[PDB]
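Next comes just one chain, in structure tokens: the form deposited without the ligand.
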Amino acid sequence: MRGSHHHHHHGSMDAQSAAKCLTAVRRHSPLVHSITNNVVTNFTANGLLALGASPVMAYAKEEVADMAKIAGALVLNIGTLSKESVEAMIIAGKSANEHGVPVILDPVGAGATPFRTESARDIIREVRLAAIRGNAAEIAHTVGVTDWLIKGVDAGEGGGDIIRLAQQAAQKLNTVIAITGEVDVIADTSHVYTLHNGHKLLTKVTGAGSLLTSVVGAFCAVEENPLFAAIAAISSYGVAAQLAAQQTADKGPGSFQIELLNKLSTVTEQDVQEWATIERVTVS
């Protein structure tokens, strides 16, 4: 079910191709194996079911390998990691690698504590990843940026040096790096894009971020190029979030949480075509 829905030889990734990927997810209901934190497991599964994917949440070493093996994508999230779950994630990642299943990493809290930073780095050393998604700090810490340089994230900033961090990190780890923010910056070794969808209410719902990473997994299962897959996923998810906000921006974060799930099921190819904002960043 992993086809090719866009190529740079036909132009830059756009809203049209993004909408096509969304259709593919619905059509194939890809199995997405998520080994995520226990604060967002339920929401992750429901978000994927709403979208149209098939969530599988096995996490024990007694079954992760055989499950990742037959999944369309594997998503690892270290939100409430333990020595045991990090080992299970790596066992799962190695099985996925052996069977050509794309693996996505969400380094939640990388940099907050040493254990998280080192676990993220252990996963990257032992597992070939198709994409990594996190905020600027988590990515910086995960890829090994020097301590004192990290400061270049605080204060008011959301466009510029983040573009370089994303491409440079993608080149060092030969993967796709998605740096989350109001404006998302995504890049692989040779290409960079900025994404402008979503709504601030997402910051008031736990798992909103974790769900997106798993959503990226759903798209990588149906689109061969993870850069295109991730752009289509983030765009579709953001459009759904905007439509959800429209109907529940005044009710509150509780209603929005529910509305996000509603919209992931009702968002259409036409909505993505009309609202997705994807911009190619010139790199030369």
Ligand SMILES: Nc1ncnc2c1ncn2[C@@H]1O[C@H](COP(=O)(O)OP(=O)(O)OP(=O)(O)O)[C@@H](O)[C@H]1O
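Only residues modelled in both forms are compared. Each residue number is its position in the shown sequence, starting from 1. Only the largest set of C-alpha atoms that superpose within 1.5 Å between the two forms is called the rigid core.
The mean C-alpha temperature factor is higher for 165 to 173 when 100 to 108 and 165 to 173 are set side by side.
Per the PDB record, of the two stretches 58 to 66 and 25 to 33, 58 to 66 carries the greater mean B-factor over its C-alpha atoms. When the C-alpha B-factors of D154, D188, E138, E87 are ranked from the entry, the top spot goes to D154. Reading the B-factor column for the CA atoms of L202, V183, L211, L81 in the entry, the top value corresponds to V183. Annotation for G72: CA B-factor lies in the lowest third of the chain's modelled residues. When the modelled residues of the chain are ordered by C-alpha B-factor, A249 sits in the highest third. Per the deposited record, the Cα B-factor of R116 falls in the middle third when ranked against the other modelled residues of its chain. Among the modelled residues of its chain, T206 has a C-alpha B-factor that falls in the lowest third according to the deposited record. Looking at the C-alpha B-factors along this chain, the one for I132 belongs to the lowest third.
Not pictured, yet referred to below: the form deposited with the ligand bound.
Highlighted residues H199, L212 and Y237: every one comes within 4.5 Å of the ligand in the deposited bound form, counting any heavy atom. In the deposited bound form, the ligand lies within 4.5 Å of some heavy atom of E182. For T203, a non-hydrogen atom is located within 4.5 Å of the ligand in the deposited bound form, even though that partner is not displayed.
Proximity of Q171 to the ligand in the deposited bound form: non-hydrogen atoms within 4.5 Å are absent; the residue sits far from the partner. At a distance threshold of 4.5 angstroms between non-hydrogen atoms, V127 is out of contact with the ligand in the deposited bound form. Listed stretches are 68 to 76, 89 to 97, 174 to 182, 119 to 127; the contact stretch with the ligand in the deposited bound form is 174 to 182, by a heavy atom cutoff of 4.5 Å. Checking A208, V101, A140, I162 against the ligand in the deposited bound form, a heavy atom within 4.5 Å turns up for just one residue: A208. Here is what shifts between the shown form and the other one when you lay the two on the core: just one run of at least 3 residues, every Cα off by 2 Å or more, at 144 to 147.
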